[PDB]
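Worksheet for the structure shown next.
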Amino acid sequence: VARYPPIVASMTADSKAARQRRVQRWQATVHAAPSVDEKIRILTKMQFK
Amino acid sequence: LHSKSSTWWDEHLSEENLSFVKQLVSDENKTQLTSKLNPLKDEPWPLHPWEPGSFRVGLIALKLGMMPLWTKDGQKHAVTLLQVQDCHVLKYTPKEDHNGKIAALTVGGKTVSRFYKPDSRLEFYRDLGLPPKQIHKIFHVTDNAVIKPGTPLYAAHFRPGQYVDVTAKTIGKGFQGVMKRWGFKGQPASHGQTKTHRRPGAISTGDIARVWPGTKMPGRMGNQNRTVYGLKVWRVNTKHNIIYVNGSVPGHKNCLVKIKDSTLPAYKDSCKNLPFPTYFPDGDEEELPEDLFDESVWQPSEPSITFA
Amino acid sequence: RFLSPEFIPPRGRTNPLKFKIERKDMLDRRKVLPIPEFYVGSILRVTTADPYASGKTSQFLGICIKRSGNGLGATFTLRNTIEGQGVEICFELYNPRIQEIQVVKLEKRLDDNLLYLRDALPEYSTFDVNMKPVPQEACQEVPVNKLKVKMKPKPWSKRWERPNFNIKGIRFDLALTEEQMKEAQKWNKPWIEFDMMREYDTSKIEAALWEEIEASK
Amino acid sequence: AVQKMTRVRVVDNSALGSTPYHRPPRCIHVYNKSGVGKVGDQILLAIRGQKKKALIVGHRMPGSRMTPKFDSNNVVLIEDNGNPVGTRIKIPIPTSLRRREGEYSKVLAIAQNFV
Amino acid sequence: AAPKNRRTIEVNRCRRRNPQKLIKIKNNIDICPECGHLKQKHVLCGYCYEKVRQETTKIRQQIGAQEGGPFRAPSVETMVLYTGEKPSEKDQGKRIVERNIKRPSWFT
Amino acid sequence: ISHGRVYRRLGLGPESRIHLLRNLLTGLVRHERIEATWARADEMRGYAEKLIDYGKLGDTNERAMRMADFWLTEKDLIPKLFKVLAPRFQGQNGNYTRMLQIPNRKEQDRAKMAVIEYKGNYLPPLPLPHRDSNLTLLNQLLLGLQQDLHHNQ
RNA sequence: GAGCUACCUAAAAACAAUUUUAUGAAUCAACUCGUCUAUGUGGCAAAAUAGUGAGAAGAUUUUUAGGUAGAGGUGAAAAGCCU
Ligand SMILES: [Mg+2]
Ligand SMILES: [Mg+2]
Ligand SMILES: [Mg+2]
Ligand SMILES: [Mg+2]
Ligand SMILES: [Mg+2]
Ligand SMILES: [Mg+2]
Ligand SMILES: [Mg+2]
Ligand SMILES: [Mg+2]
Ligand SMILES: [Mg+2]
Ligand SMILES: [Mg+2]
Ligand SMILES: [Mg+2]
Ligand SMILES: [Mg+2]
Ligand SMILES: [Mg+2]
Ligand SMILES: [Mg+2]
Ligand SMILES: [Mg+2]
Ligand SMILES: [Zn+2]
């Protein structure tokens, strides 16, 4: 009966594993958006080349 | 290389011989120290009686710490614990060689290892047949009070009610400023003071065009020999050779101190009652109680004080 | 097994012999006078002989707000309010003019310091001088009183909300808005509790000390 | 510890203090070579435009062990001749006042409670 | 504060050639018995240590290849085996790292 | 005056000191042999010793888990501490870490360096300082003295 | 020589949230300015930094191009500004 902590990468570190974990954080804010406008707004709000 | 090289006691010893040498060196400490336990049966020097104006030897002790203490009047006295530890008489000079009117006895306490010491010090002790001691000190002793070298000294050499003087090196404070070294006021915090808060003010006057010798300036504070005068002895523990001395003693805990009868005017010839040459336990004239107290002291295990 | 705190040595470079010498003296006084078991927050009545009179006795009853000291110099503070005037006396357990110590009410409180009771309402500080002792159960654990006191206006003796005090006995919700509680958390040092070289483990020392105390009996 | 300009609580029943006034009394002088004032030390108050002598009977600063620390700086008013201005003191007074060098028997007589 | 006078080479030569400012000769330099290279008495040999770390890097490279990714540290003991060696009974149930080279003489 | 203080001042401050030591400890647990500056390795050695003590307490201990969680930033190491390192050091009462000084860093800062490792690891053995043999001239004379002393009472 | 700065012409921009109202109104960002103190004083800087402050839908601020030239220009006059 030992509650080992989940083996996941840190959220704040400066690595590739930690970046891919901050990507799922915003991606989850789309999953959890009720309306389709919010989903499309989140997916397109940030402009890049 | 055909040049100087460094060595220490452990460099060439094997794993087994490392333990063997440690046990051997400690073995020698045991036998040597038990040889000198009986001064009076080893050709003791003649024991002269006390005459007025005599000064007897003192002891070197280690500073254990402090504790509270109470008197039958209910007052609380902070007291310091001094342990007499491997204290032996080491060297004797006569009045002529010391160049003083009085003679000198060098005592030493707190036996130490033999492994990082100069050959000179080790030879000095090998002649005397003692393990090396941490520190030497010199005591001024009159001719009647001379004691043969190699004679151990014990806390019972002092008795409750006598006043004593302790000298030891003070705690070092490193390089310090002028406020903490000499208690200078300093300068204001605000109202326009620019980069001058803890600084010394004007060194001197404009006329003399120099700084007087002995002007107080920033420097290294502490680590100096200081002495405290007129400290009462409240109690002596004969089993552990502990002396209870009123008030504070210079130095840190585990610091070696020099204990000798007080030189203040009041207690000029108080050593009449005390063992004049020294306290000999080998004589065994009467066996001392484990704890010696001063009459005013309220001993623990006594009934609670009721100022009826 | 309740080992009185004063027996536990503080860490440092002082010799163990200095402690052994003191313990023997401490045990000697305890035989003459019995020092009851008590904790911070328990109410005590201490009868001491006054030195300003002819051995006449004085009595003071209060809650033990603080316990501190090692060896024969250990002390405990206890507060009360008399005719609407708070007073605190810092008694010395081994002072030879303490005639008797009676634990009127034995209990434990959420914190081991109750200095904040200076800023709490007077009710939490006032205790009846004439109150009779309450029963105790030896083969039981001491009760832990979980009372959370109510404070008077914010200007306090100290900043009890700050994380260094770690007070768990004050109703911070009533007296402080969440904005203040958030701001006060800017003085929090989360690493302190998790650095292993700052913890002084006394289990072995307590075990050896407990055996010696019983052996002397 | 009471100093110059400290704020004090008169613990008599005398009219000079008893009467509620928007300003408390403030210490103007401490009768010592040391500027600090402790239990049993006289001080000169400025109370309602009047300069009046007084005696400290308690303070918030810690003292030696086995003495009582109060929550307020308590003071009693004494006349120029030294007789207390007020006739009663209902607040506890420490018993150390008896043995301190000085004249405190008059104040002790007026005090019913001692701590 | 600025200099009132230029400082002479004779004054400067005393300051910067004072013994306090000279390089102190070292008495703690000795030879390593195995390699015959120089070392200080209280520090490890920098040549023998260099052998160990180069082998250590090779082993750590092999460990990474076996794991294949981050956060794959085993919960069981590890052991290193060289060509011509097979796990013993005591070696059962322990991660095994295999090295192409023969067992080094120092490594035991 | 810094008499009696048992810590070095490292990093940007007190919190920065812990995090710097925490990363070194995390590396030591994963790799079991680490190179760092002598001062930093000396500072981290104490935490390396105590961490193993917490592992010995056991997996089910909650205080050990919280402490292990804080210090090991990579959470895969938590099973390693409780199930690999702690079982290894069951017999010992202490002295789990071996720390030695290696030549100065050849990087223009000439830092004083040290290699810190846990005892019993799988890596190639370090070239430790080995004492002389009993067959040497000085040792034999000491060995000769030992035999006589024991045999003759 | 008006790519700085003073003033002007033409063509363009920016001002969230909150309360008032219907505003050279209010609180306060972005933005504009530079009150007080400390640091700095061959400095990060030939006028800055860090705090603290004033204005912040207007006589506001900003961008681009053009104009006025030394016996002169510009000036909500400080004999200010015109690299
Ligand atoms: Mg000052
Ligand atoms: Mg300043
Ligand atoms: Mg002159
Ligand atoms: Mg205060
Ligand atoms: Mg010269
Ligand atoms: Mg220092
Ligand atoms: Mg140090
Ligand atoms: Mg223009
Ligand atoms: Mg707006
Ligand atoms: Mg406006
Ligand atoms: Mg404003
Ligand atoms: Mg305004
Ligand atoms: Mg203008
Ligand atoms: Mg004008
Ligand atoms: Mg110009
Ligand atoms: Zn080598």
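Chains as they are written, first to last, in the entry's author numbering: chain s, 41 to 89; chain E, 41 to 348; chain Q, 74 to 290; chain L, 31 to 145; chain 0, 78 to 185; chain O, 9 to 161.
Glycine included, C-beta positions come from ideal geometry on N, C-alpha and C.
#1: At 7 Å on the CB atoms, spell out the chain s contacts of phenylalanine 184 (chain 0), in chain order.
#2: Assign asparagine 105 (chain 0) to one of two classes, buried (16 or more other C-beta atoms within 10 Å of its C-beta) or exposed (fewer than that).
#3: Can you tell me where the beta strand (DSSP E) holding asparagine 147 (chain O) begins and where it ends?
#4: If the cut is a Cβ gap below 9 Å, which residues of chain Q does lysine 58 (chain O) touch?
#5: Check for me: the alpha helix (DSSP H) holding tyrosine 62 (chain O) runs from which residue to which?
#6: Any residues in the stretch 87-108 of chain E with a beta carbon nearer than 7 Å to a beta carbon of chain Q? Which ones, in chain order?
#7: Are the CB atoms of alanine 49 (chain O) and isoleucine 124 (chain O) within a distance shorter than 8 Å?
#8: State the beta-bridge partners of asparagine 265 (chain E) as determined by DSSP.
#9: Can you give, in chain order, each stretch of the beta strand (DSSP E) that sits fully within the stretch 102-160 of chain 0 and has at least 3 residues?
#10: Compare the Cα-Cα distances from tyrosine 124 (chain 0) to each of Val153 (chain 0), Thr134 (chain 0), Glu132 (chain 0), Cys109 (chain 0) and report the closest residue.
#11: Taking only the alpha-carbon atoms, compute the straight-line gap between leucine 130 (chain E) and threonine 191 (chain E) and give it to the nearest angstrom.
#12: State the Cα-Cα distance for the pair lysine 277 (chain Q) and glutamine 339 (chain E), rounded to the nearest angstrom.
#13: With contact counted as at least three CB pairs below 8 Å, one residue from each stretch, are the stretch 76-86 of chain O and the stretch 21-37 of chain O in contact?
#14: Determine the direct distance from the alpha carbon of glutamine 132 (chain Q) to that of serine 44 (chain L), and round the result to whole angstroms.
#15: Between the alpha carbons of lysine 120 (chain L) and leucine 106 (chain Q), how many angstroms are there, rounded?
#16: According to DSSP, is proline 114 (chain L) part of a helix, a strand, or is it coil?
#17: Any idea if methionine 35 (chain L) is buried or exposed, counting beta-carbon neighbours within 10 angstroms, 16 or more meaning buried?
#18: Suppose the cutoff is 7 Å on Cβ atoms and the five residues either side in sequence are ignored; what does the same chain contact list for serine 50 (chain s) look like?
#19: Which of the residues in the stretch 134-150 of chain 0, read from start to end, lie with their CB under 7 Å from any CB of chain s?
#20: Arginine 102 (chain Q) versus chain E: which residues are under 8 Å apart at the beta carbon?
#21: Could you tell me which residues DSSP puts in a beta bridge with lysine 82 (chain L)?
#22: For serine 102 (chain L), verify whether its CB is less than 7 Å away from any heavy atom of ligand 4.
#23: Which residues of the stretch 100-126 of chain Q have a Cβ closer than 9 Å to any Cβ of chain L? Give them in chain order.
#24: Distance, Cα to Cα, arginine 191 (chain Q) vs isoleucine 240 (chain Q)?
#25: Could you tell me the distance, in whole angstroms, from the CA atom of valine 61 (chain E) to the CA atom of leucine 121 (chain E)?
#26: I'd like to check one pair, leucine 99 (chain E) with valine 119 (chain E): are the Cβ atoms closer than 8 Å?
#27: Alpha carbon to alpha carbon, what distance is there between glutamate 43 (chain O) and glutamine 139 (chain 0)?
#28: According to the Cβ coordinates, are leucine 65 (chain O) and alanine 56 (chain O) closer than 8 Å?
#29: Where in the stretch 154-209 of chain E do unbroken runs of the beta strand (DSSP E), each at least 3 residues long, occur, reported from the N-terminal end onward?
#30: DSSP state of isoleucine 9 (chain O), grouped into three classes?
#31: Give the DSSP-derived three-state secondary structure of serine 59 (chain E) in the structure shown.
#32: Grouping DSSP H, G and I as helix and E and B as strand, with all else coil, what is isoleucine 26 (chain O)?
#33: For the candidate residues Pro82 (chain Q), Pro83 (chain Q), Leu117 (chain Q), whose alpha-carbon lies nearest to that of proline 206 (chain Q)?
#34: Taking the beta carbon of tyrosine 62 (chain O) as the centre, do at least 16 other beta carbons fall within 10 Å, making it buried, or is it exposed?
#35: From the DSSP output, read off the bridge partner residues of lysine 178 (chain Q).
#36: On the three-state DSSP scale, how would you describe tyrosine 125 (chain Q)?
This is what the structure holds:
#1: What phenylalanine 184 (chain 0) touches in chain s: nothing, since even the nearest Cβ is about 32 Å away.
#2: That one is exposed.
#3: From DSSP, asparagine 147 (chain O) is part of no beta strand (DSSP E) but of the alpha helix (DSSP H) over 145-159.
#4: Per Cβ cutoff of 9 Å: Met269, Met270, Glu272.
#5: 46-65
#6: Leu104, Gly105, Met107, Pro108
#7: yes
#8: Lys209 (chain E)
#9: Counting whole runs of 3 or more residues, the stretch 102-160 of chain 0 contains the beta strand (DSSP E) stretches 106-108, 115-117, 155-159.
#10: Of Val153 (chain 0), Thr134 (chain 0), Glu132 (chain 0), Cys109 (chain 0), the smallest CA-CA separation from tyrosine 124 (chain 0) is found for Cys109 (chain 0).
#11: 8 Å
#12: 31 Å
#13: yes
#14: The C-alpha of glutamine 132 (chain Q) is placed about 30 Å away from the C-alpha of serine 44 (chain L).
#15: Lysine 120 (chain L) and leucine 106 (chain Q): Cα-Cα distance of roughly 35 Å.
#16: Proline 114 (chain L): strand per DSSP, three-state reduction.
#17: That one is exposed.
#18: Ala58
#19: Against chain s - using a Cβ distance shorter than 7 Å - the residues of the stretch 134-150 of chain 0 are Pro147, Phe148.
#20: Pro340, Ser341
#21: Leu75 (chain L)
#22: no
#23: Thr121, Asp123, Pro124, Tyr125, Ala126
#24: Using only the alpha carbons, I get a separation of about 14 Å.
#25: 35 Å
#26: When the beta-carbon positions are compared, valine 119 (chain E) and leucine 99 (chain E) stay at least 8 Å from each other.
#27: Those two C-alpha atoms are separated by around 20 Å.
#28: no
#29: 173-181, 203-209
#30: coil
#31: DSSP places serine 59 (chain E) in the helix class (H, G or I) of the three-state scheme.
#32: helix
#33: For the residues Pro82 (chain Q), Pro83 (chain Q), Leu117 (chain Q), the minimum Cα distance to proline 206 (chain Q) belongs to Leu117 (chain Q).
#34: buried
#35: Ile116 (chain Q)
#36: coil
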